[PDB]
$ cat entry_17.pdb   # PDB, C-alpha atoms
ATOM      1  CA  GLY A 623    -120.486  65.288 265.955  1.00  0.00           C
ATOM      2  CA  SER A 624    -117.592  66.948 264.166  1.00  0.00           C
ATOM      3  CA  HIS A 625    -118.531  70.630 264.242  1.00  0.00           C
ATOM      4  CA  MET A 626    -121.829  72.378 264.961  1.00  0.00           C
ATOM      5  CA  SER A 627    -123.326  73.291 261.602  1.00  0.00           C
ATOM      6  CA  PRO A 628    -126.257  75.605 260.702  1.00  0.00           C
ATOM      7  CA  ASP A 629    -128.521  72.698 259.729  1.00  0.00           C
ATOM      8  CA  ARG A 630    -131.349  74.894 260.942  1.00  0.00           C
ATOM      9  CA  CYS A 631    -131.526  76.558 257.527  1.00  0.00           C
ATOM     10  CA  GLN A 632    -135.320  76.602 257.740  1.00  0.00           C
ATOM     11  CA  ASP A 633    -135.374  78.028 261.254  1.00  0.00           C
ATOM     12  CA  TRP A 634    -134.836  81.635 260.185  1.00  0.00           C
ATOM     13  CA  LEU A 635    -137.847  81.519 257.876  1.00  0.00           C
ATOM     14  CA  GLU A 636    -139.799  79.816 260.626  1.00  0.00           C
ATOM     15  CA  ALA A 637    -138.648  82.372 263.201  1.00  0.00           C
ATOM     16  CA  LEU A 638    -139.545  85.384 261.060  1.00  0.00           C
ATOM     17  CA  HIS A 639    -142.802  83.691 260.055  1.00  0.00           C
ATOM     18  CA  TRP A 640    -144.052  83.512 263.649  1.00  0.00           C
ATOM     19  CA  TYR A 641    -142.827  87.104 264.047  1.00  0.00           C
ATOM     20  CA  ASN A 642    -141.575  88.574 267.322  1.00  0.00           C
ATOM     21  CA  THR A 643    -143.681  91.438 268.657  1.00  0.00           C
ATOM     22  CA  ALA A 644    -141.004  92.683 271.104  1.00  0.00           C
ATOM     23  CA  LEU A 645    -142.627  91.194 274.204  1.00  0.00           C
ATOM     24  CA  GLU A 646    -142.348  87.660 272.849  1.00  0.00           C
ATOM     25  CA  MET A 647    -139.383  85.904 274.435  1.00  0.00           C
ATOM     26  CA  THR A 648    -137.634  83.027 272.709  1.00  0.00           C
ATOM     27  CA  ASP A 649    -135.105  80.369 273.737  1.00  0.00           C
ATOM     28  CA  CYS A 650    -132.202  82.702 272.911  1.00  0.00           C
ATOM     29  CA  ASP A 651    -130.387  79.526 271.847  1.00  0.00           C
ATOM     30  CA  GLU A 652    -127.380  81.108 270.142  1.00  0.00           C
ATOM     31  CA  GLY A 653    -124.231  79.140 270.847  1.00  0.00           C
ATOM     32  CA  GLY A 654    -121.497  78.598 268.306  1.00  0.00           C
ATOM     33  CA  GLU A 655    -122.095  77.003 264.928  1.00  0.00           C
ATOM     34  CA  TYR A 656    -119.032  76.907 262.700  1.00  0.00           C
ATOM     35  CA  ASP A 657    -119.858  75.889 259.134  1.00  0.00           C
ATOM     36  CA  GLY A 658    -120.398  77.986 256.029  1.00  0.00           C
ATOM     37  CA  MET A 659    -119.747  81.175 257.960  1.00  0.00           C
ATOM     38  CA  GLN A 660    -116.739  82.147 255.880  1.00  0.00           C
ATOM     39  CA  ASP A 661    -117.661  85.804 256.085  1.00  0.00           C
ATOM     40  CA  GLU A 662    -116.935  88.814 258.278  1.00  0.00           C
ATOM     41  CA  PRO A 663    -120.342  89.183 259.969  1.00  0.00           C
ATOM     42  CA  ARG A 664    -121.929  92.541 259.200  1.00  0.00           C
ATOM     43  CA  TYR A 665    -124.980  91.860 261.364  1.00  0.00           C
ATOM     44  CA  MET A 666    -122.878  92.152 264.519  1.00  0.00           C
ATOM     45  CA  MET A 667    -121.636  95.570 263.445  1.00  0.00           C
ATOM     46  CA  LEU A 668    -125.139  96.662 262.459  1.00  0.00           C
ATOM     47  CA  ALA A 669    -126.548  95.323 265.722  1.00  0.00           C
ATOM     48  CA  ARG A 670    -123.738  96.858 267.754  1.00  0.00           C
ATOM     49  CA  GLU A 671    -124.494 100.240 266.222  1.00  0.00           C
ATOM     50  CA  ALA A 672    -128.201  99.538 266.703  1.00  0.00           C
ATOM     51  CA  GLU A 673    -127.401  98.853 270.358  1.00  0.00           C
ATOM     52  CA  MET A 674    -125.516 102.153 270.471  1.00  0.00           C
ATOM     53  CA  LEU A 675    -128.630 103.794 269.035  1.00  0.00           C
ATOM     54  CA  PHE A 676    -130.783 101.887 271.513  1.00  0.00           C
ATOM     55  CA  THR A 677    -129.210 102.558 274.909  1.00  0.00           C
ATOM     56  CA  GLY A 678    -126.755 105.216 273.784  1.00  0.00           C
ATOM     57  CA  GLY A 679    -123.275 104.403 272.565  1.00  0.00           C
ATOM     58  CA  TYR A 680    -119.889 105.902 271.730  1.00  0.00           C
ATOM     59  CA  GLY A 681    -121.009 109.190 270.214  1.00  0.00           C
ATOM     60  CA  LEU A 682    -124.400 107.801 269.271  1.00  0.00           C
ATOM     61  CA  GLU A 683    -127.544 109.438 270.636  1.00  0.00           C
ATOM     62  CA  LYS A 684    -130.360 107.050 271.533  1.00  0.00           C
ATOM     63  CA  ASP A 685    -132.877 106.967 268.688  1.00  0.00           C
ATOM     64  CA  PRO A 686    -135.562 104.203 268.588  1.00  0.00           C
ATOM     65  CA  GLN A 687    -136.162 104.833 264.886  1.00  0.00           C
ATOM     66  CA  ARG A 688    -132.597 104.355 263.676  1.00  0.00           C
ATOM     67  CA  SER A 689    -132.171 101.656 266.300  1.00  0.00           C
ATOM     68  CA  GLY A 690    -134.935  99.573 264.753  1.00  0.00           C
ATOM     69  CA  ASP A 691    -133.781 100.308 261.213  1.00  0.00           C
ATOM     70  CA  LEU A 692    -130.325  99.040 262.102  1.00  0.00           C
ATOM     71  CA  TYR A 693    -131.730  96.021 263.949  1.00  0.00           C
ATOM     72  CA  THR A 694    -133.977  95.121 261.015  1.00  0.00           C
ATOM     73  CA  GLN A 695    -131.002  95.371 258.666  1.00  0.00           C
ATOM     74  CA  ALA A 696    -128.986  93.337 261.149  1.00  0.00           C
ATOM     75  CA  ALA A 697    -131.725  90.697 261.152  1.00  0.00           C
ATOM     76  CA  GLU A 698    -131.587  90.568 257.361  1.00  0.00           C
ATOM     77  CA  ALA A 699    -127.855  89.948 257.480  1.00  0.00           C
ATOM     78  CA  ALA A 700    -128.302  87.476 260.334  1.00  0.00           C
ATOM     79  CA  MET A 701    -130.921  85.327 258.603  1.00  0.00           C
ATOM     80  CA  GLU A 702    -128.727  85.657 255.522  1.00  0.00           C
ATOM     81  CA  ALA A 703    -125.917  84.092 257.544  1.00  0.00           C
ATOM     82  CA  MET A 704    -128.202  81.103 258.231  1.00  0.00           C
ATOM     83  CA  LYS A 705    -128.558  82.270 261.841  1.00  0.00           C
ATOM     84  CA  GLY A 706    -132.274  82.448 262.540  1.00  0.00           C
ATOM     85  CA  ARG A 707    -131.803  82.882 266.286  1.00  0.00           C
ATOM     86  CA  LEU A 708    -129.876  86.124 265.812  1.00  0.00           C
ATOM     87  CA  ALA A 709    -132.298  87.331 263.149  1.00  0.00           C
ATOM     88  CA  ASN A 710    -135.171  86.675 265.527  1.00  0.00           C
ATOM     89  CA  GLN A 711    -133.495  88.425 268.469  1.00  0.00           C
ATOM     90  CA  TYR A 712    -132.434  91.473 266.450  1.00  0.00           C
ATOM     91  CA  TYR A 713    -135.966  91.635 265.039  1.00  0.00           C
ATOM     92  CA  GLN A 714    -137.283  91.268 268.592  1.00  0.00           C
ATOM     93  CA  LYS A 715    -135.072  94.198 269.458  1.00  0.00           C
ATOM     94  CA  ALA A 716    -136.274  96.208 266.476  1.00  0.00           C
ATOM     95  CA  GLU A 717    -139.823  95.726 267.670  1.00  0.00           C
ATOM     96  CA  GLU A 718    -138.819  96.700 271.216  1.00  0.00           C
ATOM     97  CA  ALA A 719    -137.136  99.819 269.845  1.00  0.00           C
ATOM     98  CA  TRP A 720    -140.339 101.035 268.206  1.00  0.00           C
ATOM     99  CA  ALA A 721    -142.512  99.615 271.009  1.00  0.00           C
ATOM    100  CA  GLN A 722    -140.783 102.076 273.339  1.00  0.00           C
ATOM    101  CA  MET A 723    -142.452 104.831 271.312  1.00  0.00           C
ATOM    102  CA  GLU A 724    -145.930 103.451 272.008  1.00  0.00           C
ATOM    103  CA  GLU A 725    -145.425 102.642 275.670  1.00  0.00           C
TER     104      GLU A 725
END

$ encode --input "entry_17.pdb" --output "structure tokens"
Amino acid sequence: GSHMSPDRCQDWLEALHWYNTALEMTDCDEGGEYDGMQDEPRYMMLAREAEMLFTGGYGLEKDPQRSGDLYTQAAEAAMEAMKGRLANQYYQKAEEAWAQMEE
């Protein structure tokens, strides 16, 4: 191969189609695919803040609600960036965030 490319363009639809109800673990197969990603990834920022809202971050109080809202937005931006694995994980984390309120 020349360079790992996001040829898994259908995988993010597939991933979100099967859903991820928090407690569903996946392969977590997120390595490094460099093709078409000519953009400054917003989903990492959104997920980083979501993480700060999840476990408590730099001046961010833990809030499962905002945490999931940020993770769901992050998943949108992730699946937008042809990265289904990230979208799935962030969605998995969004579900976990709210699941913590019913546990």

$ resolve_selection --input "entry_17.pdb" --expression "the PyMOL selection byres ((chain A and resi 713-724) around 12)" --output "PyMOL selection string"
chain A and resi 634+637-648+650+665+668-670+672-677+684-701+706-712+725

$ atom_distance --input "entry_17.pdb" --atom1 "atom CA of residue 628 of chain A" --atom2 "atom CA of residue 658 of chain A"
7.9 Å

$ closest_residue --input "entry_17.pdb" --among "A:681, A:671, A:662, A:630" --to "residue 705 of chain A" --atoms "all atoms listed in the file"
A:630

$ resolve_selection --input "entry_17.pdb" --expression "the PyMOL selection byres ((chain A and resi 656) around 9)" --output "PyMOL selection string"
chain A and resi 625-628+654-655+657-660

$ atom_distance --input "entry_17.pdb" --atom1 "atom CA of residue 661 of chain A" --atom2 "atom CA of residue 623 of chain A"
22.9 Å

$ atom_distance --input "entry_17.pdb" --atom1 "atom CA of residue 649 of chain A" --atom2 "atom CA of residue 667 of chain A"
22.8 Å

$ axis_aligned_box --input "entry_17.pdb" --around "segment 703-719 of chain A" --padding-each-side "4 Å" --output "AutoDock Vina command-line options"
--center_x -132.9 --center_y 90.5 --center_z 264.4 --size_x 21.9 --size_y 26.7 --size_z 21.7
